[PDB]
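Residue numbers start from 1 in every chain, and the chains themselves are labelled A, B, ... in the order their sequence lines are given, proteins ahead of strands.
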Amino acid sequence: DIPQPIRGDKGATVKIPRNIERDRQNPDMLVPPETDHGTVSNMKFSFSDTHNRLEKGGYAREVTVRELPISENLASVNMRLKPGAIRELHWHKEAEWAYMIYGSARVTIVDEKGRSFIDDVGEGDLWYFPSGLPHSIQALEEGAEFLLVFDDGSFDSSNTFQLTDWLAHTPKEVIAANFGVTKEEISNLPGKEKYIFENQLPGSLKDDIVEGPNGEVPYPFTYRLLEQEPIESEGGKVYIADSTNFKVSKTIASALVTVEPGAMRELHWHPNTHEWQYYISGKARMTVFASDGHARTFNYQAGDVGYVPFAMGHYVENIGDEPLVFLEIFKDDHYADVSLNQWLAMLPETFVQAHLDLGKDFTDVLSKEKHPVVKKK
Amino acid sequence: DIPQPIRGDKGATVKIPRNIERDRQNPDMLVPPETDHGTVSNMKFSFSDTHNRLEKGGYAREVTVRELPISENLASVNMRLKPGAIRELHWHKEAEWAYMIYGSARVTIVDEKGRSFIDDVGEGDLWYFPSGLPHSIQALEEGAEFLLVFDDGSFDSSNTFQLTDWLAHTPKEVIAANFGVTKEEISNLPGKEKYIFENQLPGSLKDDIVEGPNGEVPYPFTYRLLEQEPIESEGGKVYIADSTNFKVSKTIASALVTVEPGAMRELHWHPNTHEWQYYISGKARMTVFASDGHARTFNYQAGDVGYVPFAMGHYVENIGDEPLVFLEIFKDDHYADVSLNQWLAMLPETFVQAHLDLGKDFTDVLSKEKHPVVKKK
Amino acid sequence: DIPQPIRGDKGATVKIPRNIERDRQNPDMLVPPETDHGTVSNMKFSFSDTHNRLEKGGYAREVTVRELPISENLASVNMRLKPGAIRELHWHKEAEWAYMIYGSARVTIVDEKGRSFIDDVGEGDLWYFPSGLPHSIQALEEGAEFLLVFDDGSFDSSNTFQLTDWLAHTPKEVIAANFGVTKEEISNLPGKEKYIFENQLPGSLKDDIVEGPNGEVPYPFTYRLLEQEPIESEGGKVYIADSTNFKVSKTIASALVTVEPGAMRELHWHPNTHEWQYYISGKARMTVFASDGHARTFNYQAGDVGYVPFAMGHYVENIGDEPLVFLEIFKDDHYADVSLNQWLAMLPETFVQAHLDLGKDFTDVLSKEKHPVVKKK
Amino acid sequence: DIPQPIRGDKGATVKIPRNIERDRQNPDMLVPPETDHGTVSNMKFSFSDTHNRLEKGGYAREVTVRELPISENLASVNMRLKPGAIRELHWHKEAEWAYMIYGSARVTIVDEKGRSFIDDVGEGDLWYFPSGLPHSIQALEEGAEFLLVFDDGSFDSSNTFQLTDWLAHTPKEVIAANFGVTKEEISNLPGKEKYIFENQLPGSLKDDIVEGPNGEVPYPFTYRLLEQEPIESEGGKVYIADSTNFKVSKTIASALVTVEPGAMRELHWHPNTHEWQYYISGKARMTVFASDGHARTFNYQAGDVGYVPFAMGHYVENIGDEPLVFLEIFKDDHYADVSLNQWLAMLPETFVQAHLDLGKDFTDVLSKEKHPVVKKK
Amino acid sequence: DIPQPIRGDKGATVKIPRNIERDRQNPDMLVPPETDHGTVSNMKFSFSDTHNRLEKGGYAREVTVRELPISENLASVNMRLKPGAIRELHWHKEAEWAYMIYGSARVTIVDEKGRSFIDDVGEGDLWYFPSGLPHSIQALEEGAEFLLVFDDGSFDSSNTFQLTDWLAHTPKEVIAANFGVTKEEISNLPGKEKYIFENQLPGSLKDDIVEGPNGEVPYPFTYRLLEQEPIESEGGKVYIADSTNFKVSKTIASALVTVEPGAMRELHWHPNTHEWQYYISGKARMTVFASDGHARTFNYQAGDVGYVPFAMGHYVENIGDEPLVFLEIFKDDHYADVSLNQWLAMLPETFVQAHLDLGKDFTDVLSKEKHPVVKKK
Ligand SMILES: [Mn+2]
Ligand SMILES: [Mn+2]
Ligand SMILES: [Mn+2]
Ligand SMILES: [Mn+2]
Ligand SMILES: [Mn+2]
Ligand SMILES: [Mn+2]
Ligand SMILES: [Mn+2]
Ligand SMILES: [Mn+2]
Ligand SMILES: [Mn+2]
Ligand SMILES: [Mn+2]
């Protein structure tokens, strides 16, 4: 059918040419709640509305501050690699966090003490590469598709430093001198960057492990998130990885949230920093409460990026018949939330009653235990 | 069917949950031309991805720098009024330009010399209200739906000053003193803004014209754009309104472009300023050439806002079976373009040949006359 | 008596040590109108709260963006010269406008074509010195006290270039070479700036007029404001000087307003730019209407600077038993206002009635003629 | 010999490894005048301290805000073309002004109305290309070397839009459609930009003139500066080109100054804007007087860029045995200066005497006529 | 001879007046490597191109963001003191790090707990003064010349707070009250700052040590860098001082590098922050790799400041017949580098081979041990 921006006696039918498919995706934007008011910045952007960089071996597309300007501190890439395909040895200024949505990959990293770390990452696993440390990704037999998050919103997929690009823009006599070889011995160096390139599947992980004189890295750069015990509440599950458990992840704190049909990520805020969101699957709405009677509701589905500025009140409701699965990402050394329910539960009941103009029947339902995801009765 | 980000031996199938409806809308983004390269800011945003403010009498939604950050100088509102409905008497810092897409409306404006202008605007007509001059809009019997453009990208639909809001936040004793009336005589003033409100259809325009001691306004604030003779070329039509013909329109220059199926707005740039676009109907692609081998292709359809930063090379191709109709908007006192074809046509042929590594067979097709819209052979 | 921040059942007595003299000066700030709401920047600053630079021959104190940060575009100095005292030959980046409050002075200016202008300025007269043109001020037999306005809020009373400071920081051999004199002939040049210095009263103006080969300046740099015919309305008078009458005053438009006891500068706004205010005498309150239900009331008296950001609604009410006299200053080539009364007077009465929920008894009082200052019945 | 930073009883010998060649070039920096004081930004940069971009047909090097950060509004390129060599058809956001130091060149420009201008420029001639208008340069039989000035300090020699780069990053099917040709007919288009390329010398200018249906350009884009009558004073000559004589040059005002040995560009300032300088030949020093007892002396020679911020006092002294030749450039529609001598000459003598603590013997030397360049006695 | 900007069939001879001495100093700028491409900010500035402030007792010159705008975080002063001469007791906002190039000096510092530290510093020694802690420098019998680095690029050698300047701008009655003395007892206080002043050589260090009731400072403010064991590699030596060994040096990490003739500081980057460089002696070139095929080569010699923005790839090659000696400075709590050689050495050989299109003959030369300085075969 044909939705219209009408809510009771407010609004009217659309009389101009329009985007009915987008309107159907955004029911709470075409017809917002009556409780939305005021100007709030855009908090939603789809990867499907971005240019896809296609290469021999995969693709990459990005959502940055040039797409979603509220998100000044965090940017993201959706990258896909075919089986065996290599994301070329490189480094950048930004720290990088990743979630493996599909398939598997082998990653390498060498630190500033010359210690190497090589590991395989599968679905529901993470990595985190500290700023400036060089690394690579190679998809295994299934290929790989993953979400990358960088701790600067201004991230530009080509301020990125590629091994072969560096060598291509260094005098041959200097490269030769650097390694103690002749110019002739390095004549076959590539003339331009590879970036993403096809390659044969690697061998077993155990055969690739490189030993060295500098020892083992003190902390691993990968994390098995979905192998951890989640916080389980009536309507879903929350798995948290921050610097307290994923020790190297100093600048990125994360949570994977699953919300059953008929459930919602409860009313809460974050007392530490901005939330950046990625919608892996399902369909949601969220109202962002911005203070001073400002609130705006957004719809999200698979492929969408969301955002909640620092300490703004919000919830995330499953509005579909499949599980809703999304990530909550923060540029911090820890994950923290304040639950509306738990806050009020921990105050004197008559004090809460004085605020809400409600009685004991209400304060009696409050829970001193935090349930991040609640289920509709 | 199910589109995939594959172009020959580049790219791969999407393995994660995705937005197939958006992918279908963006065929040149999911699979860009091989000639696209480099980072370019986002130049596309849909009104359908915005919150719709619903009121008794209509609605309004906006695309600003908070949605499309490349557009720092220009912002827009899509506003809809039911028959008789009134957009409340108000003013703002920004100059306002408008295009009537559907229906008709009566506008009022009073200038800083106390001269009034009241007129009816129909489909294909414009208005322009200089910064700070107070005005109103009232839809006639068909209702009205129109595109508003404001000459600051930071425009906020509530930095806007409403008559009733001003009075509601002024002491009653001051209002009384201002008009020489008692407080009792103004006790029925509204306690809050109206913004958009239902009202009876007005009478004939001739009956509303207000005479005064200060004379006629020197220049009209409305323009009948589609009543002008357009530039007609093989594939379409261009109608231009800038300060040279629509004399009051000092800060906004505009063109309505119609592109037939199988036609394209030719390769050109603007030597004066940034282009802001609104897609009224149809389906397009445009490649934005950003210099230094940077180029990025965007898809557009009805409801979309586009942008072309100052002097960037571009074209707009109809990729559908209906006419493509769009506006080209500029924060300037004039419209100007440089045509690629006309530029090369006006140079010595052997000089052009030396640049393009092409011969007389090519330079022979060049035209010294500018054809803004060309048709495919 | 002892005022308290109490308005009906709102507020409470002050329990901490306090500034009762300031509270008495600010009755509409300690107890604002109930109609004030929201956050508005500070729009008030007293010259009495500034450091006074004392010199042999006078003093100078300033209100800049470092004191009143809302005022980014305009800054001011209150300067006083004793009889005969000289404000040293100097220039600066900013254009300078002045109002002579007390006494009289002789000014000099030489333009970029070597044309000189020398004139005497008395009470109620203005000057304006274009950016970069060098000038001086010398008080006559009464001394002089005047208000200077500069067209940058960042003005710093010592980014100012003084003749003697320039020479003191130029090599003596270069000064000698510049003038064709010996180093010995310029040995008595001052070692540091004079800035303000005592001097004998000058002779008659006619005896100082310097003739030259380059002709007369095309436009005078002084204006007799109080010799013009003012706009006279029931409650007071307005005298306007802008580039339309004071031809050289391209970047500063001004109005001197006098408001009788029981009168008020009517509800209005400026459609062109920010208003900067100086309170010469008397006592006022003004409510600044900032949109979106934001309004804040300020008190002013002699020595105070005020401000009204671009297009904000306001009035200025005399709250004392003496005339209120103030300046309205604008960084523009013209003065413009929109009167609330005149605006509504020039619209169809039933349309105004539909907005205000008031009848013909109200619309019947509206005036098509602008009365800048109205008197209480 | 070995200069030392010693001035009387101040300073000391340099004890660390040092740059004696640079010290010899900068005698007034290693040993400044005793009258210099305070912090002043750097106002000097050499083209010899820049990377030279070498191409088949010439070279180009630039001084921008990334080299000389005081100069935010103006940037420059030193470009050299071999005989016949072509600076590829291109356009950019910035207006461009040029001075032909060596040789000659043919320029083309086509405006936004499709009117073409083609002309030959020799030594001492100028051009000016308005922002966004496309143009080219081709060296004649002597080759050419010229100074380009752009009206943004942030200018980047590759935000520049090249014809062949645009076509290389446009889909072939679109180029074909644009011109009404087949893809095969344009298969030989270059795959990358040319920028500067070798070519055969052109024919006579008269044979290249392109006629068209759109008429002659209203104003020429070249100017014969050294064919004008200069202001001649005792020590040198000044030739001025601004929008008053070189009518198209709206954003750049210029003066070529020649200063004989033993002469100096007199003590002056500019009341309009910042001065940007290029030293064509000879050796200079200049003291920049920055107000508040801040002054700093700089040395310049051939290849150096200088700067004088808006209204700062300065002189330029020939400190060599050959003529000093330099350009004074301003981002404005006019050239203006205030002469120290002429300023004081046009004031009452006793008033000047009261300031300088000097007598009639000094004021008697002052000249009411402006002499931009004076000669040492 | 006369160098020319010619590289094979690219470039051309210089036809305009030029700076041949500077061209000789910059052979890799006049004729860059063919591998340089793109726009890179200036990364080079000479102390010889700065104003030298001469005082009785020495001199000081500075390179700040006003000279080298890429360096926003770090600024430097080259200061020279004669025997016995004193850099006046002072403090500033910035932390200060120093390297003693010539001679020796006694420093004092008193901390916020009233603990004093007095020590002698000789050639190759460092100091570091935390932000805000007051200090002095007095040259011993040889005099002293040293490089100071401050942890803000905006450092201004006179935002610096001098003891005697503070007292000169404090009311005498307050100074008297502060110390319990009469105004007469302090009448001989200086009227202006000393800054640098001549004085008799001090006595032995042991005789100056001041005891107090507050104890010993926990960490020393001086460091004997050249007394540490360096990292020695085939072509040179590296001595590192950061907060891990020079415990107080929290905001500055440093390395003194010596590179033998025929050697080079190897291809590396810093994963932590920007590098600021000072060239103590010898002659170098460095290519800075900026990503996305941007690279630019710079020449340096004694007296030059260099810079490498965060994580950019670089090397520093000795291009002379004497040792090259330079400092690498970082605004961080630690020194870190990633070696290109070591990075590749610690990865699987076939993976490196897949990237470089080279075989086992190349990967066989890689070293798992880091050699910061390598020697040409
Ligand atoms: Mn990465
Ligand atoms: Mn959350
Ligand atoms: Mn409006
Ligand atoms: Mn266009
Ligand atoms: Mn002045
Ligand atoms: Mn006003
Ligand atoms: Mn150009
Ligand atoms: Mn000048
Ligand atoms: Mn210090
Ligand atoms: Mn380094």
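Between B:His90 and B:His135, the two ring planes are perpendicular [angle over 60°; tilted spans 30° to 60°]. Using a 30° and 60° split on the angle between ring planes, C:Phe310 and C:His274 fall in the perpendicular class, above 60°. Aromatic ring orientation, B:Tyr128 versus B:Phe246: perpendicular (interplanar angle above 60°, classes split at 30° and 60°). Aromatic ring pairs are classed by plane angle as parallel below 30°, tilted from 30° to 60° and perpendicular above 60°; the pair C:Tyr278 and C:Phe47 is perpendicular.
In plain terms, the two heavy atoms of C:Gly124 and C:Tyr99 that are nearest each other are CA-OH, 3.7 Å. Scanning all heavy atoms of the two residues, the minimum distance from B:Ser158 to C:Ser291 falls at O-OG, 3.0 Å. Residues C:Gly122 and C:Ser104 approach most closely at CA-CB, 4.1 Å, considering heavy atoms. Contact between C:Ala255 and C:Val238 at its shortest, heavy atoms only, is CB-CG1, 3.9 Å.
At a threshold of 4.5 Å between non-hydrogen side-chain atoms, the residues B:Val110 and C:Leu347 count as touching. A heavy-atom distance below 4.5 Å is not found between the side chains of C:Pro372 and C:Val257. Residues C:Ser254 and C:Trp97 meet the side-chain proximity criterion, which asks for heavy atoms closer than 4.5 Å. Taking the side chain as every heavy atom from C-beta outward, C:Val121 and C:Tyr223 never approach each other to under 4.5 Å. Looking only at side-chain heavy atoms (C-beta outward), B:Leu133 and C:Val338 come within less than 4.5 Å of each other. Side-chain atoms of C:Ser243 and C:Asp332, non-hydrogen and from C-beta on, never get closer than 4.5 Å to each other. The closest side-chain heavy-atom distance from C:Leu358 to B:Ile186 is below 4.5 Å.
Under the 6.0 Å cut-off for aromatic ring centres, C:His270 and C:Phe330 qualify, their centroids lying closer than that. Annotation: C:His92 is in aromatic contact with C:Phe150 [ring centroid separation under 6.0 Å]. Aromatic rings from B:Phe179 and C:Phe362 are positioned such that their centres are separated by under 6.0 Å. Between B:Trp91 and C:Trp269, the ring center distance clears the sub-6.0 Å criterion.
Using a 4.0 Å cut-off between charged side-chain N and carboxylate O, C:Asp120 and C:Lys206 make no salt bridge. For C:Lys375 and C:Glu317, the salt-bridge test fails: no basic side-chain N is under 4.0 Å from an acidic carboxylate O. The pair C:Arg296-C:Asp36 fails the salt-bridge criterion, with no side-chain N (NZ, NE, NH1 or NH2) lying under 4.0 Å from an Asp/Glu carboxylate O.
The main-chain N or O of C:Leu267 is found under 3.5 Å from a side-chain atom of B:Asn178 such that the two form a donor-acceptor pair. With hydrogens and angles ignored, the 3.5 Å screen pairs no side-chain donor or acceptor of C:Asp292 with any backbone N or O of B:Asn159. Checked by atom type and distance alone, the side chain of C:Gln342 pairs as donor or acceptor with a backbone atom of C:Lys368 at under 3.5 Å. With hydrogens and angles ignored, the 3.5 Å screen pairs a side-chain donor or acceptor of C:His355 with a backbone N or O of B:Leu89.
In summary, of the residues considered (B:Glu193, B:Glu88, B:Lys194), a side-chain hydrogen bond (donor to acceptor under 3.5 Å, both in side chains) with B:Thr164 occurs for B:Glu88 alone. Tested against C:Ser339 for a side-chain hydrogen bond (donor to acceptor under 3.5 Å, both in side chains), the candidates C:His268, C:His371, C:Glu266 yield a single pass: C:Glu266. Results of the salt bridge (charged side-chain N to carboxylate O under 4.0 Å, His left out) test with C:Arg106 over C:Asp125, C:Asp119, C:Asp208 single out C:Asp208 as the only residue that passes.
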Item checked: Full working for salt bridge (charged side-chain N to carboxylate O under 4.0 Å, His left out) between B:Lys172 and B:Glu184 -> CA-CA 9 Å; B:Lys172 284 289 185 79; B:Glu184 296 63 34; over 6 Å; no
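With a 6.0 Å cutoff to the six-membered ring centre and a 45° limit on the axis angle, B:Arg87 counts as a cation-pi contact of B:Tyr195. A cation-pi arrangement is present between C:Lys44 and C:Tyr300 under the rule of less than 6.0 angstrom and at most 45 degrees off the ring axis.
Heavy-atom neighbours of C:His294 NE2 from other residues, nucleotides or ligands within 6.0 Å: above the threshold of 12.
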